[PDB]
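Inspection log for the structure reproduced underneath, given as structure tokens.
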Amino acid sequence: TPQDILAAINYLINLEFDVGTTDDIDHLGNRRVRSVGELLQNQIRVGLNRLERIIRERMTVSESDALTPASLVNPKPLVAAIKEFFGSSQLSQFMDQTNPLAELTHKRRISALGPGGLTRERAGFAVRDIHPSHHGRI
DNA sequence: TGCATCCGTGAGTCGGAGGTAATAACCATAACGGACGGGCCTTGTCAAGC
């Protein structure tokens with residue numbers, strides 16, 4: 001909303017008069033964890049965008065009406081997106097199943113790489129340092 | 001003519017395992033070409049003879 005942009009302009013202007021606090025990029029209050037629900041939701045969003053583009057094209061081309069709902073829905077982009085997410089992702093990893101300790105430790109891994117995360121070439125020293133906000137959490 | 005901005009160039013060596021991509025008109029008509037079938041010839045064994 002434009003009220004949000006006005007408030008952000010107000011905070012940026014007030015920071016030039018020494019009031020307010022600059023933020024930290026490595027602080028664990030500014031970093032969140034995305035598990036399997038959000039990534040499935042995003043991939044299903046992309047597949048549904050493809051599916052509704054297909055359905056809108058199939059409705060706009062067909063001049064004859066009185067169709068069945070099973071004729072307008074093509075499930076193949078959604079299946080392709082779900083299979084792509086579970087097969088060829090950085091996040092979908094071949095499981096460490098050596099012993100119960102390795103199996104338990106692999107499910108609790110917190111990675112900073114992947115799509116929407118980081119690049120290993122763009123990984124400096126400050127992103128590999130230990131932050132004081134990691135105390136107790138990581 | 002000096003300083004700011006931009007772009008291209010680099011960033012250790014071996015070994016193992018897993019492992020990729022991922023959706024979208026339809027119809028006539030003639031030209032083309034591989035397959036299949038007889039014709040003739042070339043080729044490869046039996047068999048008797050000096």
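Every read-out reported here was derived from the displayed coordinates using simple, explicitly stated rules and does not represent laboratory data. Every residue, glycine among them, receives a Cβ derived from its backbone with ideal geometry; neighbour counts consider all protein chains shown.
Tally time: how many residues in the range A:59-110 are over 22 Å from the mean Cα position of the chain (by Cα) and near DNA strand B (Cβ under 9 Å from one of its atoms)?
Total satisfying the criteria: 3.
Considered as a group, the residues in the range A:117-133 that are closer than 19 Å to A:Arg34 by Cα and surrounded by 10 or more Cβ atoms within 10 Å (Cβ to Cβ) include one that is farthest from DNA strand B (Cβ to nearest atom), and that residue is A:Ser133. Might you let me know whether the range A:79-100 holds any residue that is within 16 Å of A:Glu38 (Cα to Cα), touching a helix residue (DSSP H, G or I) at 6+ places or on another chain (Cβ under 9 Å), hydroxyl-bearing (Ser, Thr, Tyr) and touching a residue at least 24 places away in the same chain (Cβ under 8 Å)? Yes, the conditions are met somewhere in the range A:79-100. The criterion of at least 1 residues that are closer than 30 Å to A:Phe125 by Cα is met by the following helices (runs of 4 or more DSSP H) wholly inside the range A:1-81: A:2-14, A:36-61. Of all residues in the range A:21-60, those being under 28 Å from A:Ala112 (Cβ atoms) and either free of Cβ contacts under 8 Å to residues at least 24 places away in the same chain or surrounded by 10 or more Cβ atoms within 10 Å (Cβ to Cβ) (or both) number 26.
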